[PDB]
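Now for the letters of each chain:
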Amino acid sequence: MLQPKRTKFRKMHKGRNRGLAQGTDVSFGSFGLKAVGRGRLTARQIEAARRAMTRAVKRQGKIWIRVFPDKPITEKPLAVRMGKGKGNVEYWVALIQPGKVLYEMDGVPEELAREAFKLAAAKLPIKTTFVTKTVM
Amino acid sequence: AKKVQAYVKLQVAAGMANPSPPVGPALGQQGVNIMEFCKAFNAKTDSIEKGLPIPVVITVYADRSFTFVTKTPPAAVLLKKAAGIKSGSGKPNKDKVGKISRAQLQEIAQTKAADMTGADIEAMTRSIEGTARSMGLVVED
Amino acid sequence: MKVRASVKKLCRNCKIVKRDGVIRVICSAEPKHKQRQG
Amino acid sequence: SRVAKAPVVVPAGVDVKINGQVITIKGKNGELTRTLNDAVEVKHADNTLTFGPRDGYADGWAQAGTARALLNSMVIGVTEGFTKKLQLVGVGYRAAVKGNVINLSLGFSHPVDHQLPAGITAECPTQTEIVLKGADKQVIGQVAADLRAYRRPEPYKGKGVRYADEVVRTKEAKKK
Amino acid sequence: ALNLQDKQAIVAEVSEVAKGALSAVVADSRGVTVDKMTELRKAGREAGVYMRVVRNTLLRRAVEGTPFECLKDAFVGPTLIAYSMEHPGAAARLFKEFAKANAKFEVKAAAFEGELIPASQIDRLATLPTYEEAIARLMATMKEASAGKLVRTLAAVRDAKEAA
Amino acid sequence: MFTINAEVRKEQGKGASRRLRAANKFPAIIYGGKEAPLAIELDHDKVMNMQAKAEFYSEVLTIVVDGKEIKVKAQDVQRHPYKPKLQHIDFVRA
RNA sequence: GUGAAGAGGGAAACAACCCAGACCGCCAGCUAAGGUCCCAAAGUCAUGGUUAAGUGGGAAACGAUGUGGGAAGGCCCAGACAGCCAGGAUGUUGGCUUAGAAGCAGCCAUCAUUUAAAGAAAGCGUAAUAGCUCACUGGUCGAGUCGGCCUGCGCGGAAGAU
RNA sequence: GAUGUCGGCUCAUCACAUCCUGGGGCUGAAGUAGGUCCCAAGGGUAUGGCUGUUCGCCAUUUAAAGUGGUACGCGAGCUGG
């Protein structure tokens, strides 16, 4: 998984949100990997993507991460009753929002980072796109 | 594919140019015959020394007939001799067995001016430097 | 061949060509990595 | 197609004629030879025909390099033909010509009567090696193609009729 | 014009460095063999002779945007060009050291400071006197057209004996 | 040191702004300096594939609208929530 | 909202969908959602764009030299890019190891050199020493080609009880 | 207002993602034998035991010992342990 050092939360809701979280632009680098659709990432995937991109590049600048898990999510046992109660905590989720930018670089040479992120997109559950900033 | 290249390189001691094992396979593949190569090799003045590998490079045409250019001694033999050594360092750049002076390398380079193509007397020194370094000689005057 | 999809490049004369709707890597001296689909 | 837009490499002493998408090569030497290329745009010029882009069964120039290639193919066909030195590796398999018919097998002591169409003939110096004669670049390989289609060569060590592109490519086992 | 260091850098430098040369020898490439030219810049720098291997694609425009040595027969097809600004006899003597490894008869024609020279007549140089007498034997039009062409016919016995 | 063009536009409303995005055009604005917020339209594709150059932002801008050019430098970007096309750019006069 | 407490129209249909709110009668007409080759009422629609796969008209990741369009871009008739042919070089059959181990058996030097040329080598290879393709050079070669990106379409992923 | 169950037998049948021969690619396959592997539903596709048992354990057959489904197939079929 991915996880923080301390917490204030422990048994949060499934987390459906009305729409967006406003991060659609490139702002941490000059290029990135764009979400271009909504979903879940289970903390395990974030680690895998950052892990994946560093194995391709061998760190030739700095890596920017724009995804973090926040809500714990419960599951119940596959055998008995679901709906009645709320089971143990199973996994921690980052909710990815549409058009939201996932991973960025600038210090790394752009054509190598682009290849690093294409490879890292195969670890993702749905389609993504390379985005270039072209602006301040 | 072409199965026979031009200007095939060989470097062999005068006493090992007729038996096959020192030579490996390569002469046999390039259509050339080991006794004939031994006569053609015999012909130059400095290609008489036994145990000292003298470079000779032969060009073979399309019918397996070959014609032959005979050449002055290599840098590898003169650097080994000039540094007082008889044996390299193994792995160089970590292990070193001697040193060779810059003036010795330009006199060596003159003995090589028929097997070397470099422009200045310096160019010729520059190519043969890395020969010395492989055998564990520090290049400094 | 292997049953795998997504064709890869492994040598200089990977021409990669679609025969009756399955993409094969080409080999001419090395079919040790030839594929069927992609 | 860069190659749809070539000099076509046919002389004027071969007066090649247009017939819609059917193209017929005519002139001096050989036999009367043809080619079928669909979904193309054709200008006639006189005998160095010019091929350009179309969409019908082509994607845009898909056949236009083809037609250009195939017209010169037919032209080389009438002036001299193509390669013909055909060969086999292994023993028992035969490639041995006896008249009209070329005798070969899967390994066995009886042949499978592979026979030539008219306007091509063959003969053999030795029972492995074949010299094929005629006046089209299509046909000498077309009889070559059905000849390998009864015993194929074998990936590591060749065991069958080897022409142009062939099944024996060989491969390593050790290094490291 | 310019887009490269290896091809386009060499259209404005092939026939201007040899309109610039006292002798040049314009020979057939992929028939002199490329190897042999590399194992002969061994002896070639110990004479002051420069040799480039150069395509008919750089020669086909050396005539426009740029000047040429008034020859075009040896510009067509694959082309080697050997040339000197020092001791003119050496460009052609270098062209005889070729038969040991492949063949020396590979000259098509020659240029000399601008005048077209046929391949029967340029071996007078490849004898190699002193530079001065090599200059005496052949020039461009400044002298060879003037007084040399009568020597050429009265001395059809040998090429070395023909002079300018 | 890039060269773009624009056409004159003024909108406040939902129906108008959507009718640009429906058809692959979007708005931007050049504020401060000698003049007021000037609202303009731009094209989706003139900044995406007509250009993949860092100079739009690192260097000055020639922007042509009604034969005017004033020199401009870029400010923060707003991006589309479902594609990598440009939803809106802000600019300051330079 | 609709069904529940609504007919008809369209949807392989139902008790809830998309359109609408059945007074009835009318061999009248229009419009809606929906349709327009035949089943079946009207477009095998005119104009441009693209796929050769029954994809269309079942769906993802995804990958690649499958393919096109488009503006910006390296090369761009002064001649390309890939490829096929040819050279594939000089010190270097360097040092160690070894029959040979010579970029390519293993390990270290992984460089230098004449340069209009060749990486102390990208890929292969009789299983290894050999041999080989390969850019760049020079043949073939006289017009497009490929990387980025936006974008149409293809591909395999996409195998089940009548 | 429920179609009547297990295990075994009767009786089968349909989906092919084929147990097998058959055509064909690869192999870190020398040849051979194998592994790998696409194409393909046509046909053939075994039997006793102890136990109310599937599975179990044991012996055997054939070149061979399959995949998957059927109101946990079929009680307006059989037994009824």
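This report concerns the structure included in the present document. (Residues numbered from 1 in each chain as written, not as in the entry; some residues may be left out. Chains lettered and ligands numbered in written order. Part of a larger assembly, values for the part shown. Heavy atoms only, no water.)

Section: the protein's contact with RNA strand H
Near RNA strand H, the surroundings consist of 18 residues, among which C:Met1, C:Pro31, D:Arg152, D:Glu154 and D:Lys171 are the closest. In RNA strand H, atoms within 4 Å of the protein come 84% from sugar and phosphate. C:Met1 is positioned with one of its backbone polar atoms (N or O) 3.0 Å from a sugar or linking oxygen of RNA strand H. At a separation of 3.4 Å, a sugar or linking oxygen of RNA strand H approaches a polar side-chain atom of C:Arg24. (Near = heavy atom within 4 Å. Polar contact = N/O pair within 3.5 Å; in protein donor to acceptor, adjacent residues only side chain to side chain.)

Here we look at the nonpolar core
Counting 25 residues, the largest nonpolar core has E:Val49, E:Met51, E:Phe95, E:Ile122 and E:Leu125 as its most contacted members. Looking at this core, the elements that each hand over two or more residues are β1 (23–28), β3 (79–84), α4 (89–96) and β4 (107–112) of chain E. For this core, the leading source of residues is α4(E), giving five residues. In this structure, E:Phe95 is in contact with E:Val25, E:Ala27, E:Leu80, E:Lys104, E:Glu106 and E:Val107, ignoring residues within four places of it in sequence. Counting residues in each nonpolar core, the second largest holds 23 residues, with F:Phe2, F:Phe56, F:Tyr57 and F:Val77 among its members. (Core = buried A, V, L, I, M, F, W, Y, C linked by side-chain atoms within 4.5 Å. Buried < 20%, exposed > 50% of the residue type's maximum accessible area, 1.4 Å probe, protein only. Helix = DSSP H or I, 4+ residues; strand = E, 2+ residues; numbered from the N terminus. Contact = heavy atoms within 4.5 Å.)

What to know about a nonpolar patch on the surface
All names here are of chain D. A cluster of nonpolar residues, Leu106, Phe108, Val112 and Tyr150, forms a patch on the protein surface that exposes about 350 Å² of accessible area. With respect to the helices and strands, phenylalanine 108 occurs in the loop between β8 (101–102) and β9 (114–115). Look at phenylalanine 108 and you get partly exposed, because its relative accessible area is 33%. (Patch = residues over 30% accessible without salt bridge, like charges linked within 9 Å, V, L, I, M, F, W, Y side chains within 5 Å. Areas by Shrake-Rupley, 256 points an atom, 1.4 Å probe, with all protein chains shown as cover. Salt bridge = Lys/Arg side-chain N within 4 Å of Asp/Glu carboxyl O.)

Some remarks on the protein's contact with RNA strand G
In the neighbourhood of RNA strand G, 124 residues make up the surrounding shell, with B:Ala6, B:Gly90, C:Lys32, C:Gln37 and E:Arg61 lying closest. Sugar and phosphate atoms represent 72% of those atoms of RNA strand G found within 4 Å of the protein. Take B:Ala75: an N or O atom from its main chain is 3.4 Å from a phosphate oxygen of RNA strand G. Take C:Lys8: an N or O atom from its side chain is 3.1 Å from a sugar or linking oxygen of RNA strand G. At eight residues, helix α5 (residues 121–134) of chain B tops the list of elements feeding residues into the surface near RNA strand G. In terms of residue class, the surface near RNA strand G is made up of 50 nonpolar, 30 polar and 44 charged. (Nonpolar A, V, L, I, M, F, W, Y, C, P; charged D, E, K, R; others polar.)

Some points on helix α1 (residues 64–79) of chain D
Think of an α-helix as 3.6 residues a turn; residues three or four steps apart then line up on the same face. Residues and elements named next belong to chain D. If you check α1, its first and last C-alpha atoms are 23 Å apart, about what 16 residues at 1.5 Å a residue would give, namely 22 Å. Taken as a whole, α1 has its buried residues at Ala64, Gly65, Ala67, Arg68, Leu71, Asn72, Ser73, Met74, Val75, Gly77 and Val78. Taken together, the buried residues of α1 touch β2 (22–25), β3 (33–36), β5 (50–52) and α2 (137–147). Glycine 81 occupies a position one or two residues after α1 and carries a positive phi of about 80°. (Expected span 1.5 Å × (residues − 1).)

Some points on the packing of aromatic side chains
Tallied over the full model, the rule gives seven aromatic pairs over all chains. Seen from their ring centres, B:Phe66 and B:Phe68 are 6.0 Å apart, and the 45° between their planes marks the pair as tilted. Given a relative accessible area of 18%, B:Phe66 falls into the buried group. A ring pair is formed by E:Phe68 and E:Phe75, whose centres lie 6.1 Å apart and whose planes are at 80°; its orientation type is edge-to-face. Residue classification places E:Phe68 among the partly exposed residues on the basis of a relative accessible area of 27%. The buried category is assigned to E:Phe75, whose relative accessible area is 2%. (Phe/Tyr/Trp six-rings, centres within 6.5 Å; stacked < 30°, edge-to-face > 60°.)

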